[PDB]
Structures are given as C-alpha cells and as structure tokens.
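All remarks here apply to the structure that follows.
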Amino acid sequence: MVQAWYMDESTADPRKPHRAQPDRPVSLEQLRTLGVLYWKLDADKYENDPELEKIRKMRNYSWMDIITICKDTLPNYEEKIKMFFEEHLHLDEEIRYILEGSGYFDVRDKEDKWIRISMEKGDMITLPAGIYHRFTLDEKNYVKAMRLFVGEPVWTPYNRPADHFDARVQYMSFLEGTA
Ligand SMILES: CSCCC(=O)C(=O)O
Ligand code: NI
C-alpha cells in the first residue's frame, strides 16, 4: 500500500526518505482530511485503461500529458527541479499519475508539519488547490508521470507565502470541516 510519513528534523539531502523516529506513518484516511485523494492503477495500461477513464470522467480531468523527469532528457531540468521543490501552492488541483519510477510529494498537515508521500508506479494523487506542497525525486533520480488537469492547464506555482489567494482561503475553510 502507498506509504506516507511525518518527516525528521534534518534539512540535508532532500531526496532521502527522512522518516521521523520513531516511525510516524500517515494513512490515506488522514491524507483525505487534507483534501489529498489517491487511486491505485495498473500503470502498464495507461494508454488504454477503463479504470483511469472512470476517474477522469468522475473528476472532469479532461486534459492530460506525459512528463519525464530525467537529468539527461528534460529541458531546463535543473531549474524545473528547483521550482518543483520550493514550497508552493496552485489555484487548481495538482494531479499526477506515476507511470515509471518514483518520487516524493510533501504536504503540510493541519499544524503545518510536513508529511512525505512516497509515490511509485501505479500511484495517482490529487493535491487540492490551495494546499502547500513540494515535489522531489527520490534517490533513484527518475520519474515518468501523467499530468492531468480540469480543463486547459495553468501550471503557475505561488511560492509560500501565498496566503491572499481565494483558493487558499477556500482551502482553509475546507480544513475546518474535516476531522
Ligand atoms: C511526478 S510529476 C513531476 C513534478 C511536477 O510535475 C510538479 O511538481 O508540478
Ligand atoms: Ni505543485
């Protein structure tokens, strides 16, 4: 099952697991209280998968593309990787479905503590508009992912602080309503 955990207090080597000690695992149920949703799929079938279609139709994910994060392949790699890992929010959902490889999505919990979510092949996640988050490769230094979007995409990150946005205000309001 998909693994997530509270992080330790080391700021070094962000691609390491950084598991809090003792272990403080985080469940999919706790992630849902943050508005973070998850589906498990057969990533070998991504070109033609009725199960992915069920999710895309339910959620109105009408747009997709594929991105490959690789030190050799990706244009403007070093700058893009830095922008992924700066703590930021978006005014839309961030939806990613991992097709190959792996990485970490970090999200803030209700007390603004970091939770690290380990995403591997077959894992699909949506991070709600307004949530503070970041992404890093793990020590294997490779991921291929499908990006999805509700309509034509706008990718703009707003690096924290970004508290004035309506999307952030509405998200804070959502958090009051969950466990
Ligand atoms: C696993 S997708 C690569 C990360 C990314 O697209 C993002 O942070 O927006
Ligand atoms: Ni983002």
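If you're wondering about the labels, chains in the structure tokens are A, B, ... by order shown, residues count from 1 in each chain, ligands from 1 in order shown.
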Just want the residues within 10 Å of ligand 1, written as a PyMOL selection string, counting only C-alpha atoms and all ligand atoms. chain A and resi 66-69+80-90+94-105+119-120+124-125+133-137+142-148+155-157
Pull N, CA and C atoms from the residues just selected and write them as a short mmCIF file (atom, residue, chain, number, x, y, z; two decimals), in the first residue's frame.
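Wrote it out as part_2.cif, contents follow:
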```
data_model
loop_
_atom_site.label_atom_id
_atom_site.label_comp_id
_atom_site.auth_asym_id
_atom_site.auth_seq_id
_atom_site.Cartn_x
_atom_site.Cartn_y
_atom_site.Cartn_z
N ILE A 66 2.22 13.83 -20.72
CA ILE A 66 3.20 12.98 -20.06
C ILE A 66 4.51 13.74 -19.90
N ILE A 67 5.11 13.66 -18.72
CA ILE A 67 6.39 14.32 -18.49
C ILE A 67 7.39 13.31 -17.97
N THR A 68 8.65 13.45 -18.39
CA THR A 68 9.70 12.57 -17.92
C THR A 68 10.78 13.39 -17.26
N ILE A 69 10.96 13.19 -15.97
CA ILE A 69 11.94 13.96 -15.21
C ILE A 69 13.24 13.17 -15.13
N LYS A 80 13.81 23.51 -13.38
CA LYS A 80 12.48 22.95 -13.16
C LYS A 80 12.42 22.19 -11.84
N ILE A 81 13.46 21.40 -11.58
CA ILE A 81 13.55 20.62 -10.34
C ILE A 81 13.58 21.52 -9.10
N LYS A 82 14.27 22.65 -9.21
CA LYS A 82 14.27 23.61 -8.11
C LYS A 82 12.87 24.18 -7.89
N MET A 83 12.17 24.50 -8.98
CA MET A 83 10.83 25.08 -8.83
C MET A 83 9.83 24.07 -8.27
N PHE A 84 9.99 22.79 -8.60
CA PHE A 84 9.11 21.76 -8.02
C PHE A 84 9.25 21.69 -6.51
N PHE A 85 10.47 21.91 -6.02
CA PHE A 85 10.74 21.62 -4.61
C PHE A 85 10.56 22.83 -3.68
N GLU A 86 10.45 24.02 -4.24
CA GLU A 86 10.10 25.19 -3.44
C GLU A 86 8.69 25.01 -2.89
N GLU A 87 8.48 25.28 -1.60
CA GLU A 87 7.12 25.15 -1.05
C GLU A 87 6.22 26.15 -1.76
N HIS A 88 5.11 25.65 -2.31
CA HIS A 88 4.22 26.48 -3.14
C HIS A 88 2.78 25.96 -3.10
N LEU A 89 1.86 26.77 -3.62
CA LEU A 89 0.51 26.29 -3.88
C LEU A 89 0.09 26.63 -5.29
N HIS A 90 -1.03 26.05 -5.72
CA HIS A 90 -1.64 26.36 -7.02
C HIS A 90 -3.09 26.76 -6.81
N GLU A 94 -3.50 19.75 -8.40
CA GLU A 94 -2.29 19.18 -8.98
C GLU A 94 -2.49 17.66 -9.00
N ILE A 95 -2.67 17.11 -10.20
CA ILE A 95 -2.99 15.70 -10.37
C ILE A 95 -1.85 15.03 -11.12
N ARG A 96 -1.29 13.98 -10.52
CA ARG A 96 -0.16 13.28 -11.13
C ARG A 96 -0.35 11.79 -10.98
N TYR A 97 -0.10 11.07 -12.07
CA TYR A 97 -0.22 9.62 -12.10
C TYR A 97 1.14 9.06 -12.52
N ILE A 98 1.77 8.29 -11.63
CA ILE A 98 3.15 7.85 -11.87
C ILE A 98 3.17 6.64 -12.79
N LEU A 99 3.86 6.76 -13.92
CA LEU A 99 3.92 5.69 -14.92
C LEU A 99 5.18 4.83 -14.79
N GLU A 100 6.27 5.47 -14.39
CA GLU A 100 7.54 4.77 -14.14
C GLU A 100 8.31 5.51 -13.08
N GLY A 101 9.16 4.81 -12.35
CA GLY A 101 10.00 5.47 -11.37
C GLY A 101 9.21 5.91 -10.14
N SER A 102 9.62 7.02 -9.53
CA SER A 102 9.12 7.33 -8.21
C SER A 102 9.56 8.71 -7.75
N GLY A 103 8.94 9.17 -6.67
CA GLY A 103 9.30 10.46 -6.11
C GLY A 103 8.54 10.72 -4.83
N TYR A 104 8.75 11.91 -4.26
CA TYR A 104 8.11 12.32 -3.02
C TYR A 104 7.29 13.58 -3.25
N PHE A 105 6.02 13.55 -2.83
CA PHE A 105 5.25 14.77 -2.67
C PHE A 105 5.14 15.08 -1.18
N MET A 119 5.44 8.21 -3.80
CA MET A 119 4.65 7.85 -4.97
C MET A 119 5.47 6.96 -5.92
N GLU A 120 4.91 5.81 -6.27
CA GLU A 120 5.59 4.86 -7.14
C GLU A 120 4.72 4.52 -8.33
N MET A 124 -1.70 7.28 -8.25
CA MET A 124 -2.26 8.53 -8.75
C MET A 124 -2.76 9.38 -7.59
N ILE A 125 -2.40 10.66 -7.61
CA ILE A 125 -2.71 11.54 -6.49
C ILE A 125 -3.29 12.85 -6.98
N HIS A 133 2.68 22.55 -0.81
CA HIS A 133 3.28 21.27 -1.17
C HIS A 133 4.58 21.50 -1.93
N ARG A 134 5.30 20.40 -2.17
CA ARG A 134 6.50 20.42 -3.00
C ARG A 134 6.75 19.01 -3.50
N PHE A 135 7.56 18.90 -4.55
CA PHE A 135 7.92 17.59 -5.09
C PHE A 135 9.42 17.45 -5.23
N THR A 136 9.94 16.28 -4.87
CA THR A 136 11.33 15.94 -5.18
C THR A 136 11.45 14.51 -5.70
N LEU A 137 12.38 14.30 -6.63
CA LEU A 137 12.81 12.94 -6.93
C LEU A 137 13.31 12.27 -5.65
N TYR A 142 14.62 9.49 -10.81
CA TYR A 142 13.86 9.30 -12.03
C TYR A 142 12.36 9.12 -11.80
N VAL A 143 11.57 9.85 -12.58
CA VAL A 143 10.13 9.60 -12.62
C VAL A 143 9.54 9.95 -13.98
N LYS A 144 8.56 9.16 -14.40
CA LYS A 144 7.73 9.45 -15.56
C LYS A 144 6.30 9.53 -15.08
N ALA A 145 5.61 10.61 -15.41
CA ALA A 145 4.28 10.81 -14.87
C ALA A 145 3.32 11.41 -15.88
N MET A 146 2.07 11.00 -15.76
CA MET A 146 1.00 11.67 -16.46
C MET A 146 0.53 12.86 -15.64
N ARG A 147 0.50 14.04 -16.25
CA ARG A 147 -0.14 15.19 -15.62
C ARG A 147 -1.57 15.30 -16.12
N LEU A 148 -2.51 15.55 -15.21
CA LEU A 148 -3.90 15.75 -15.59
C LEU A 148 -4.39 17.11 -15.10
N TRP A 155 0.00 26.13 -14.92
CA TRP A 155 0.89 25.41 -14.01
C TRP A 155 1.47 26.28 -12.90
N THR A 156 1.20 27.58 -12.97
CA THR A 156 1.84 28.57 -12.10
C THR A 156 1.90 28.20 -10.62
N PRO A 157 3.12 28.07 -10.07
CA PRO A 157 3.26 27.92 -8.62
C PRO A 157 3.31 29.28 -7.97
#
```
Where in segment 12-106 of chain A does DSSP assign strand (DSSP E), given as a PyMOL selection string? chain A and resi 37-40+63-69+88-89+94-106
Contact residues around residue 21 of chain A with only C-alpha atoms at 10 Å, ignoring same-chain residues under 6 positions, as a list in words: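 Surrounding residues, per the criterion: residues 6, 7, 8 and 9 of chain A.
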Written selection (C-alpha atoms) as a compact mmCIF listing (two decimals), in the first residue's frame:
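Written file, out_7.txt:
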```
# COMPACT_ATOMS: atom_id res chain seq x y z
CA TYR A 6 5.97 12.53 9.11
CA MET A 7 9.49 13.76 8.40
CA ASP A 8 12.53 14.01 10.66
CA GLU A 9 14.19 17.32 11.52
```
Pick from A:36, A:179, A:58, A:31: nearest to residue 127 of chain A, with only C-alpha atoms counted?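 Result for the nearest residue to residue 127 of chain A: A:36.
Residues in contact with residue 176 of chain A at up to 12 Å, not including ones fewer than 4 positions away on its chain and judged by only C-alpha atoms, are residues 33, 34, 35, 110, 169, 170, 171 and 172 of chain A.
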Okay, now the selection with N, CA, C and O atoms, as a CSV table (one decimal), in the first residue's frame?
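Written out: result.csv:
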```
chain,number,residue,atom,x,y,z
A,33,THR,N,-8.3,13.9,4.9
A,33,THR,CA,-8.7,15.1,5.8
A,33,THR,C,-8.0,16.4,5.3
A,33,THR,O,-8.5,17.5,5.6
A,34,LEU,N,-7.0,16.2,4.5
A,34,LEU,CA,-6.2,17.3,3.9
A,34,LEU,C,-6.7,17.6,2.5
A,34,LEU,O,-6.2,18.5,1.9
A,35,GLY,N,-7.7,16.8,2.0
A,35,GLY,CA,-8.2,17.0,0.7
A,35,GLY,C,-7.4,16.3,-0.4
A,35,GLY,O,-7.6,16.4,-1.5
A,110,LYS,N,-2.4,19.8,9.2
A,110,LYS,CA,-3.2,20.9,9.8
A,110,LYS,C,-2.5,21.8,10.7
A,110,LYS,O,-2.8,22.9,10.9
A,169,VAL,N,-7.8,30.6,0.8
A,169,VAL,CA,-8.9,30.9,1.7
A,169,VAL,C,-10.0,29.8,1.7
A,169,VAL,O,-10.4,29.3,2.8
A,170,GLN,N,-10.4,29.4,0.5
A,170,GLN,CA,-11.4,28.3,0.5
A,170,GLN,C,-10.9,27.0,1.0
A,170,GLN,O,-11.6,26.3,1.6
A,171,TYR,N,-9.6,26.7,0.7
A,171,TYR,CA,-9.0,25.5,1.2
A,171,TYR,C,-8.9,25.5,2.8
A,171,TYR,O,-9.2,24.5,3.4
A,172,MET,N,-8.5,26.6,3.4
A,172,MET,CA,-8.5,26.7,4.8
A,172,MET,C,-9.9,26.5,5.4
A,172,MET,O,-10.1,25.8,6.4
```
Please compute the atom CA of residue 113 of chain A-atom CA of residue 132 of chain A distance, one decimal, in Å.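 Atom-to-atom, atom CA of residue 113 of chain A and atom CA of residue 132 of chain A are spaced 10.6 Å apart.
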As a PyMOL selection string, please: all residues of chain A that backbone DSSP puts in alpha helix (DSSP H). chain A and resi 28-33+50-59+77-85+166-176
So that I can see what lies close to residue 2 of chain A, please list as number ranges by chain the residues with an atom at most 10 Å from it, counting only C-alpha atoms and leaving out residues fewer than 6 positions away in the same chain. A: 26-28, 38-40, 117-120, 122-123
Proximity to ligand 2 - best of A:129, A:141, A:175, A:161, only C-alpha atoms and all ligand atoms: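 Closest to ligand 2 of all the choices is A:129.
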What is the distance, in Å and to one decimal place, between atom CA of residue 17 of chain A and atom CA of residue 44 of chain A?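 These atoms are spaced 26.0 Å apart.
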Excluding residue 59 of chain A and residues on its chain fewer than 3 positions from it, collect all residues at most 8 Å away from it, counting only C-alpha atoms, and give them as a ChimeraX atom specification. /A:55-56,150
Please write the residues from the selection above to a file, keeping N, CA, C and O atoms, as a compact mmCIF listing (two decimals), in the first residue's frame.
```txt
# COMPACT_ATOMS: atom_id res chain seq x y z
N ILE A 55 -12.00 7.43 -13.42
CA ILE A 55 -11.56 8.54 -12.57
C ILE A 55 -11.60 9.87 -13.32
O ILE A 55 -12.08 10.87 -12.77
N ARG A 56 -11.11 9.88 -14.56
CA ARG A 56 -11.04 11.12 -15.33
C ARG A 56 -12.44 11.68 -15.57
O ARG A 56 -12.66 12.88 -15.47
N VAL A 150 -8.14 19.84 -14.86
CA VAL A 150 -9.54 20.17 -15.13
C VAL A 150 -9.55 21.31 -16.14
O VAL A 150 -9.43 22.49 -15.77
```
